[PDB]
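Before any comments, here is the structure.
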Amino acid sequence: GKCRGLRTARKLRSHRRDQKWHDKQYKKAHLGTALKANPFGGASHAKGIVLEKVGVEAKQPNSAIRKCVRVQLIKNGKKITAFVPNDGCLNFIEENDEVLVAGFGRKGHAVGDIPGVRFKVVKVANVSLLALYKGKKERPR
Amino acid sequence: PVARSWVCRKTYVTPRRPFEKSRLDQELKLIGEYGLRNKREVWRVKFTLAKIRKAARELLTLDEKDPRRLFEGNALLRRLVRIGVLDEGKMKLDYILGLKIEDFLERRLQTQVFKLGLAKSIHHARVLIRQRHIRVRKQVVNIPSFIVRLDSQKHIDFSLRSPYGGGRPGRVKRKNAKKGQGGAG
Amino acid sequence: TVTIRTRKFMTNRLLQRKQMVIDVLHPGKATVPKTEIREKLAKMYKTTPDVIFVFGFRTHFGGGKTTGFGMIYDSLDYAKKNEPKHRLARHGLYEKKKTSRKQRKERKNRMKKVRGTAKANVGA
Amino acid sequence: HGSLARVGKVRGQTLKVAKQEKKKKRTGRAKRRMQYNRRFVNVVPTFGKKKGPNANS
RNA sequence: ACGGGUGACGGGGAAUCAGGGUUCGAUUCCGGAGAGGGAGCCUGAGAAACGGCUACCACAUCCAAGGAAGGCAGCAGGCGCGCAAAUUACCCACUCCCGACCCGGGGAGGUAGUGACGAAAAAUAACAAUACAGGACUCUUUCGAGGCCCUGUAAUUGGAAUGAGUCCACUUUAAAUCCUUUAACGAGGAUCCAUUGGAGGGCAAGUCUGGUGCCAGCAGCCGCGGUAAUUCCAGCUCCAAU
Ligand SMILES: [Mg+2]
Ligand SMILES: [Mg+2]
Ligand SMILES: [Mg+2]
Ligand SMILES: [Mg+2]
Ligand SMILES: [Mg+2]
Ligand SMILES: [Mg+2]
Ligand SMILES: [Mg+2]
Ligand SMILES: [Mg+2]
Ligand SMILES: [Mg+2]
Ligand SMILES: [Mg+2]
Ligand SMILES: [Mg+2]
Ligand SMILES: [Mg+2]
Ligand SMILES: [Mg+2]
Ligand SMILES: [Mg+2]
Ligand SMILES: [Mg+2]
Ligand SMILES: [Mg+2]
Ligand SMILES: [Mg+2]
C-alpha cells in the first residue's frame with residue numbers, strides 16, 4: 001500500500017479490486033469465458049462416446065506414438081481428445097463406446113509429452129480401465 | 001428437521017511434510033515404546049497437547065487478576081494434575097508449555113497395565129486390555145487409550161470374569177480339559 | 001446372586017404411583033427378565049406383583065449391573081387406567097388389533113369417495 | 001507413420017513370471033513393532049554413513 | 001446513480017488460517033419466496049391458499065367422441081437428465097401439532113432398510129522354552145568361554161488366551177432389529193490369508209534380476225526409454241499410510 005490515510009479504505013478497496021483482474025488465476029476463475037471454453041463446464045468428469053482411436057505423435061526429445069481417443073461428450077456434444085493412459089489399454093476401448101473422462105491434472109493444460117491433450121480415460125463401458133489393466137474385472141461383451 | 005446431533009470433530013491432524021525422516025524416526029520410537037497401533041494414535045495425542053498448549057498461550061497473554069484467566073487457567077491446571085501429566089509441585093500456568101507427548105502417553109491404560117505388573121510387555125498390555133481382562137473401579141474396560149487418573153490408578157486390577165483373575169478358565173483350556181477327559185471318558 | 005436395589009424413589013399422588021430406578025446387580029449372569037424383577041421388587045416393597053411395571057433396562061459394559069425404570073401402582077384399576085397400552089400388552093392384560101396403517105388409510109380414503117350410510121358397506 | 005497397431009507390445013511379449021507364494025505379513029501394531037525392533041533395537045551403527053534398507057550391491 | 005451480470009435467497013454459521021485475511025453458506029434454526037408459467041377470486045380472524053376455485057398458456061389422463069378429471073419444489077417410487085445422491089418398509093410408543101377432544105388423526109415426527117459424504121473408538125495376535133546373532137558382564141594380549149543378566153527373529157516345539165462368525169435365552173422395542181448381558185460351539189501355515197500407491201530427484205524407499213530397445217510405455221515438474229533402463233513391463237525386496 002502507498003496511500004495510507006484514515007479515509008482511504010475506499011481507495012484501497014477499489015484499487016485492490018481493479019488489480020485483481022490482472023491476476024491470471026483470478027481472471028480465469030471469475031470471468032465466465034474460461035468456463036464456457038472449458039469442455040467440462042466446471043465438472044470433474046464427463047461421459048462421452050468414443051468416435052475414434054487415434055495416435056498422437058509426442059513432442060521433442062521424447063519420441064513416441066501416444067495412444068489417444070477422439071471422444072464426443074454427452075452434456076455438450078463437444079468433441080475432445082482424451083488420453084488412454086497405460087500399456088495396451090486401447091484394446092479395452094472400442095469405437096462407439098461410452099467412456100468416463102477426467103482431466104489429467106494441470107487443470108486444462110497440456111501435460112508432459114503430449115500436444116494439447118488435457119483429458120484422460122478412467123472408465124470404459126461402466127468398468128474402470130485400471131481394473132481392466134490389472135485383470136480384476138474383464139470387459140463385458 | 002430431524003432430532004439428531006451432527007456434532008463431530010476430527011481428533012487428530014496429519015503433518016504438513018509427508019516424508020521427513022527427522023519426524024518419522026521420532027514417531028516410530030514413540031509407537032514402539034508405547035505399543036501404539038499406527039501414526040494416528042501419535043497424532044491424536046499431539047493434537048490434544050496442541051490444544052492444551054494453545055489454550056495456555058491464550059490464557060498467558062491476558063494479564064493476571066482477571067477472572068477469565070484465573071478461572072480457566074485454574075480449571076486447566078486442575079484437570080492436568082487430575083490426569084497426572086503435570087505434578088502438583090508445578091501448578092503454574094507457565095509449566096503447561098513444558099509438557100511433552102510422552103507424559104500423556106504414559107497415562108494410557110496400556111502403559112499403566114504394563115507399569116503396574118499386570119502384564120509383561122507393552123503389547124502384552126494391549127492384548128490383555130483388548131481381551132477384556134482388566135477393569136478400572138469395577139468397570140471392565142477394553143480401550144487402551146483410556147487415560148488413567150491419579151486417584152483412579154490405585155484400582156487397576158484384573159477383571160473378575162477373566163482366568164487371570166478369579167474367573168472361569170477360558171475356552172482353549174476348557175476345550176483341552178474336556179477333550180482329554182472325554183476321550184478318557 | 002441376583003440382587004436388586006432402588007434409587008430415586010418418589011411417590012406420585014398424581015397418577016397414583018411409586019416411581020423408582022431399578023439397579024439390578026447380576027454378576028456372572030445374563031440380564032434378568034422383567035417378571036423376575038417385578039417379583040423381587042414385590043417382596044422388597046411388600047406389594048402384590050401384578051401392579052408393578054418395569055421397563056427400560058440397560059446393562060453396563062462388563063455386565064455386573066443393569067439400570068432400568070419401575071412404576072408400581074396403588075391398585076390394578078389405576079394400573080389399567082393411566083398406563084401405556086404397550087406396557088399393558090407386555091403384561092398381557094391388553095390386546096390391540098392386528099390392523100395395519102397402510103390398509104386402514106386406504107380404507108379411509110375409500111370411504112371418502114362415498115356419502116351417507118355407504119361407509120359401512122364399503123368394508124367387506 | 002503413426003502406427004496404432006502396435007499397442008501393448010511390451011506387456012504382450014514380456015515373459016510371464018508367476019508370483020511366488022511367500023509368508024504372511026503381520027499387520028497393524030505388530031508391523032509397527034517389528035519395524036521398531038528392526039531399526040531401534042537390534043541394528044548397530046556403521047562406519048561413516050549408515051546402510052540403506054534395500055541396498056543390494 | 002442508473003443499467004447489465006451473478007454457477008446471487010439472506011442471515012445464524014462452515015472450511016482454511018500465526019496476525020490479518022481468502023473461500024463457501026441449495027441444506028435440519030430464523031426470516032423470505034414459490035408450488036408447471038402467469039393472472040384473478042371465494043370462504044375465513046388469518047390466503048391472492050394451489051394435497052381450494054376460475055380462466056388462458058404448455059404438458060398430460062379417461063371416453064359410447066357427447067363430456068370429465070389434473071398439478072409429487074410432501075413421503076416412497078419411476079422416467080429423463082447427468083460425474084453426481086437411498087425403501088413404492090413399520091409405527092403414532094417418543095416429540096409435539098390439530099379437532100367438539102383424557103378416547104381420534106398426523107409419510108410432521110419417530111423406527112428400521114440402502115449407505116467407505118464424513119466423524120469417534122478399535123482386531124488381523126500375545127507369551128514361555130529351545131536354538132542362533134548381538135550388547136552387557138567375570139576373565140582373556142588376542143583367539144575365547146561361561147552364564148550370573150537381557151533383547152532381537154526362526155516354516156523349532158508348546159500350551160495359555162480372546163475376538164469376528166454360528167447360535168439358546170433375556171434385555172432392547174409400538175413390535176422388532178442392532179448394541180449390551182450371557183449359556184453352547186468357535187484359531188496355528190491362528191488360509192479366520194490388508195490393501196492402496198510408490199522405490200532417480202523433489203520425496204521415505206534396490207544402481208537386484210529378466211524381458212524390451214526412443215518401440216511399448218513411465219513421467220504432477222525436472223526427466224527415463226537409442227542392446228549394460230536406479231524411471232517402462234514383470235519377479236524379489238524395501239518405503240509410506242493403514
Ligand atoms: Mg515438458
Ligand atoms: Mg439463483
Ligand atoms: Mg443457506
Ligand atoms: Mg441453485
Ligand atoms: Mg404462497
Ligand atoms: Mg415439477
Ligand atoms: Mg396460486
Ligand atoms: Mg401436492
Ligand atoms: Mg400447502
Ligand atoms: Mg453420490
Ligand atoms: Mg404420537
Ligand atoms: Mg419425512
Ligand atoms: Mg484379515
Ligand atoms: Mg520395479
Ligand atoms: Mg522421488
Ligand atoms: Mg532418498
Ligand atoms: Mg520414477
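Ordered as shown in the C-alpha cells, chains take letters A, B, and onward, while each chain numbers its residues from 1 and ligands are numbered from 1 in the order shown.
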Shell around residue B:93 at 9 Å using only C-alpha atoms (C1' of nucleotides), local window under 3 positions removed, as a list in words:
residues 56, 59, 60, 73, 74, 76, 77, 90, 96 and 97 of chain B
Those same residues, written as a compact mmCIF listing (two decimals), in the first residue's frame with C-alpha atoms?
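Contents of the output file part36.txt:
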```
# COMPACT_ATOMS: atom_id res chain seq x y z
CA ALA B 56 -2.42 -21.99 27.87
CA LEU B 59 -4.52 -17.50 28.87
CA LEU B 60 -0.91 -16.33 29.21
CA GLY B 73 -6.21 -21.42 33.95
CA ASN B 74 -7.14 -22.85 37.36
CA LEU B 76 -6.93 -26.37 33.13
CA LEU B 77 -4.24 -26.91 35.80
CA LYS B 90 4.40 -27.08 39.43
CA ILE B 96 1.90 -26.17 30.92
CA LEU B 97 4.16 -25.21 28.00
```
Neighbours of stretch 19-35 of chain B within 9 Å (only C-alpha atoms (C1' of nucleotides); same-chain residues fewer than 4 positions away dropped), as a PyMOL selection string?
(chain B and resi 39+41-43+101-102+105-106+108+110-111+121-123+125-126) or (chain D and resi 29-30+32-37+40) or (chain E and resi 203-204+240)
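Here atom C1' of residue E:68 is placed at a distance of 23.1 Å from atom 1 (Mg, counted along the ligand's line) of ligand 7.
Contacts with ligand 10 are defined as any residue atom within 8 Å of a ligand atom, using only C-alpha atoms (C1' of nucleotides) and all ligand atoms; the residues meeting this criterion are residues 84, 85 and 117 of chain E.
Residue neighbourhood of stretch 80-89 of chain A, excluding near-sequence residues (fewer than 5 positions): residues 67, 68, 69, 70, 71, 72, 117, 118, 119, 120, 121 and 133 of chain A; 7, 8 and 11 of chain D; 217 of chain E, at 7 Å, using only C-alpha atoms (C1' of nucleotides).
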What's the 9 Å shell around residue D:9, counting only C-alpha atoms (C1' of nucleotides), without same-chain residues fewer than 4 positions away, as an MDAnalysis selection string?
(chainID A and resid 87:88) or (chainID D and resid 13:14) or (chainID E and resid 212 215:216)
